[PDB]
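As structure tokens, the structure follows; a few thoughts come after it.
Just so you know, all these numbers are worked out from the coordinates, no wet-lab data involved. Note that each Cβ is placed from the backbone with ideal geometry, even for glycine, and that neighbours are counted across all protein chains shown.
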Ligand SMILES: [Cl-]
Ligand SMILES: [Cl-]
Ligand SMILES: [Cl-]
Ligand SMILES: [Cl-]
């Protein structure tokens, strides 16, 4: 009874954590669309300067997206929790 | 002894993870304020064009905030860990 | 056999979660560089107005970075998982 209970608690905690990580990736993705449109906007406004990075005389920063990596890992983890719940009944 | 130890370890890990998720939401919220002010700034600069999205001739991106969802879930999880610690003593 | 198995599962879950949190911090850091360059860009374009916040007649938003806090916590957690794996063999 004790081992399955702690097993159940682990699955529940990991599920809750996984949904929260999804929420964070959801926000990062949403915010990133706004930020990259803002960069396109600044590049438009400074087109004659060659874009905002050249206007600033700076090394240019670009976004390194990992949305697919995170979403796959979370889905694969959630799929494993589904299997684990089943085996606790069985 | 073993079961409470693994129980203790689960609670400690989940607590540490939960604080790190809070940190991520803290940064997302902070960065989002900067990004949305940047959008207001671009919309001001291109007011005569109808704002930055129309100036870019693009579908307009807006931010989808989930801060309250995440913060509630984390607080509710931390509250449960508090109860679990108590029951391990009891 | 059961206790080490659930112990193993906890370590594996926490490891997977920790890597995903790293991914999120990686994206936040990358996106933050783009956002802060965008702010410098807007401040350049509105230099005569005193920068974008004064041009907007708004309280100015600045980014509160916690990258080092998160990365340390994750590395320290991963180091502990390494020790725990070893003790499960021993
Ligand atoms: Cl489990
Ligand atoms: Cl931005
Ligand atoms: Cl527990
Ligand atoms: Cl463990």
Keeping to the stretch C:41-78, report how many residues are closer than 14 Å to residue B:19 by Cα, in a helix (DSSP H, G or I) and within 7 Å of another protein chain (Cβ to nearest Cβ). 5
Restricting the stretch C:1-21 to residues that are surrounded by fewer than 17 Cβ atoms within 10 Å (Cβ to Cβ) and touching a residue at least 12 places away in the same chain (Cβ under 8 Å), the one farthest from residue A:18 (Cα to Cα) turns out to be C:4
Considering only the stretch B:5-19, state which residues are more than 14 Å from residue C:15 (Cα to Cα) and within 9 Å of chain C (Cβ to nearest Cβ). B:6, B:19
Residue B:21 being within 25 Å of residue C:79 (Cβ to Cβ) and away from ligand 3 (no atom under 16 Å from the Cβ): yes
